[PDB]
């Protein structure tokens, strides 16, 4: 029988507008993550968060261990950047594709780098965005569709590395054989046509998918860094 993860691919692209690529991604065994950094040291924040997350998960690759790795990542980034004249930090969305005996796949997320599931040709967002716009969506006041270009979607309400305490969302992922997961930074949906994003995301080869997703985002203007992780499940 099949493993829970069949294959995965990642891509990151600075795009033609931003002066730095402050996004980072991770694909490490059953652990996958995207971190979207912000601020003068946003690159430092996202890279340090993922380095720390990877190390912590390796030392304790279970649900509690993943949560304590996210706490560790928060503290490490805060210790390194918290002293700076301006605020820098990062989002973090991590997925651990645990087998059923370890509770099944788990998402831990902070900020606005979403997790999507692609099932039967549909792509749906599984996570809450911790932004001003994300709160409006939660309450039913705007659609997700609406929210992608809301003037306040860039105002984060949770981030890693900006203080000593964080409360990420933590939930199991309802997924199974044939499903695909996509973790992305917000840059993917900054401007491109949703149908075109789904077309790219559904490309049979995950390595083609991630390249097409970066191309779609850049063709549409590439206003932000775009980073994607595609995971095919078994």
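Residue numbers count along the first chain shown, from 1.
- The PDB entry reports B-factors from which the mean C-alpha value can be compared for 79-87 and 115-123; the larger average falls on 79-87.
- When the C-alpha B-factors of 30-38 and 165-173 are averaged, 165-173 comes out higher.
- When the Cα B-factors of 142, 97, 160, 108 are read from the PDB record, 142 comes out highest.
- Annotation for residue 131: C-alpha temperature factor in the middle third relative to the rest of the modelled chain, per the entry.
- Looking at the C-alpha B-factors along this chain, the one for residue 187 belongs to the lowest third.
- Per the PDB record, residue ranking by Cα B-factor puts residue 223 in the middle third of the chain.
- Among the modelled residues of the chain, residue 51 sits in the middle third by CA temperature factor in this PDB entry.
- Remark: residue 93 belongs to the lowest third of its chain, ranked by C-alpha B-factor as recorded.
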